[PDB]
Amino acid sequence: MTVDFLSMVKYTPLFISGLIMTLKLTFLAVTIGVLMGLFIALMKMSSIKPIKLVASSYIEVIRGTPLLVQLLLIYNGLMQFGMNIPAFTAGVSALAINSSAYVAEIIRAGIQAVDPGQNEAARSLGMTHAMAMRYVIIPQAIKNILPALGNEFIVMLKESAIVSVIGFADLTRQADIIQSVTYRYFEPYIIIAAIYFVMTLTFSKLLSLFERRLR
């Protein structure tokens, strides 16, 4: 019919239920994506030809290819092998894989951002690469990295809204559900968007506060 937001009020538990789900998808994906990424990074640092090969083509392939196609390739592309994974594990796997790549080169970029002089002083004092790495370089890369991880989580919040098109009940799905019972799209979406906005603000400034308590 026409605009009415107060109608929307007693769908409040839906929006909230959406919000929560968006968080627990995002955490989980990023979490795996971090660990995966960490490990992916370590592969690229090996001097073994095949492993550097495949870690770098994994990274280039995932970053150079849309998130949507990866989600659908996990979901739809795996039916015909007589495997049907839930919407949730599908979305999680897609996001954690994608995030794993972007984390892998967050870490690589955080390392070459520590001044090459540090490594030079370390080596010049007789330390081997391993020791230079443990006692000197990595403790600094870590404080290059944590802010970029925070920023990554913040981007993943927005990105995860894409699991709705697969029928996962995240915060964006709520507009479908509500509209099926109100015939209204505009209002519940405006509300949903504003929820995304507020989340993004919140995490953006606890990330900037964390940055001025770190570095």
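When you see a residue number, it is the position in the sequence shown, counting from 1.
Between 66 to 74 and 51 to 59, it is 51 to 59 that carries the larger average Cα temperature factor according to the deposited entry.
For the segment pair 114 to 122 and 93 to 101, the entry gives 93 to 101 the higher mean B-factor, averaged over Cα atoms. Among the modelled residues of the chain, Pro188 sits in the highest third by CA temperature factor in this PDB entry.
For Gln174, the recorded CA B-factor ranks within the middle third of the chain. Only modelled residues enter the ranking. Per the PDB record, residue ranking by Cα B-factor puts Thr26 in the highest third of the chain. Per-chain ranking of the deposited C-alpha B factor places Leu35 in the middle third. In the PDB entry, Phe88 places in the middle third of its chain by CA B-factor.
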